[PDB]
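Listed below are the residues making up each chain.
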Amino acid sequence: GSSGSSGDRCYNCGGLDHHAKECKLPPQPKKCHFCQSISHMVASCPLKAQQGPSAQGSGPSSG
Ligand SMILES: [Zn+2]
Ligand SMILES: [Zn+2]
């Protein structure tokens with residue numbers, strides 16, 4: 001049917017043309033927008049820069 005979004009724009013400066021990600025400006029001092037790690041930021045977040053391009057089954061288990 002006819003569905004859409006309320007309007008998702010760059011939650012940093014307010015750019016509609018570009019996306020928050022593409023945006024260049026520095027990310028607000030808010031909490032990490034990756035792992036909700038209020039401690040560190042998304043710029044330092046280690047997980048973000050995870051090492052290992054290998055994406056062939058990652059320990060397939062439950063619980
Ligand atoms: Zn922006
Ligand atoms: Zn993080």
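The residue numbering used throughout counts from 1 along each chain in the order its sequence is written. It may not match the entry numbering, and residues with no coordinates are not shown. Think of it this way: whatever chain is written first is A, whatever ligand is written first is 1, and the rest follow in order. Side-chain measures here rest on the full set of heavy atoms in the structure, leaving out hydrogens and waters.

Caption draft 1: Seen up close, the overall build of the chain. Assigned secondary structure in the chain consists of zero helices and zero strands. Only C-alpha atoms enter the radius of gyration; for comparison, a globular chain is expected to reach 2.2 Å times N to the power 0.38, where N is the number of residues. Against the compact-globule benchmark of 11 Å for 63 residues, the chain has a radius of gyration of 16 Å, which places it well outside the compact range. Over its C-alpha atoms, taken along the principal directions, the chain stretches across nearly 40 × 40 × 20 Å. A buried classification covers 13% of the 63 residues belonging to the chain. Numbering of helices and strands runs from the N terminus, with a helix taken as a DSSP run of H or I at least four residues long and a strand as a DSSP run of E at least two residues long. The cut-offs for exposure are 20% and 50% of the maximum accessible area for each residue type, with area from a 1.4 Å probe on protein chains only; residues under the lower value are buried, those over the upper are exposed, and the others partly exposed.

Caption draft 2: Expanded view of the coordination of the zinc ion (ligand 2). Surrounding the zinc ion (ligand 2) are the protein donor atoms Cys32 (SG), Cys35 (SG), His40 (NE2) and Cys45 (SG), at 2.3 Å. Water is not part of the atom set, so a site may look incomplete; the donors themselves are N, O and S atoms within 2.8 Å of the metal, or 3.2 Å for Na, K and Ca. A four-donor site is called tetrahedral if each angle lies between 85 and 135 degrees; a four-donor site is square planar, and a six-donor site octahedral, when trans pairs exceed 155 degrees and the remaining angles lie between 65 and 115; all other cases are labelled irregular. Geometry at the zinc ion (ligand 2) is tetrahedral, judged from the four donor atoms that bind it and their angles of 88 to 119° at the metal. On the basis of relative accessibility, which here comes to 29%, the residue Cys35 falls in the partly exposed class. Residue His40 is classed as partly exposed on the basis of its relative accessible area of 22%.

Caption draft 3: View of the coordination of the zinc ion (ligand 1). Only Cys10 (SG), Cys13 (SG), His18 (NE2) and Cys23 (SG) from the protein coordinate the zinc ion (ligand 1), and they sit 2.3 to 2.4 Å from it. Each of the four donor atoms bound to the zinc ion (ligand 1) contributes to angles spanning 88 to 118°, and the resulting shape is tetrahedral. Read N to C, the donor residues that coordinate the zinc ion (ligand 1) are spaced as C-x2-C-x4-H-x4-C.

Caption draft 4: Structural view of the UniProt feature "zinc finger region: CCHC-type" in the chain. UniProt positions are given in the numbering used here, feature names are shortened, and annotations may be inferred rather than shown by experiment. In this numbering, the UniProt entry assigns the feature "zinc finger region: CCHC-type" to residues 8-25 and 30-47. In residues 8-25, the share of helix is 0% and the share of strand is 0%. The end C-alpha atoms are 18 Å apart. Across residues 30-47 one finds 0% helix and 0% strand; the C-alpha atoms that close the span lie 18 Å apart.

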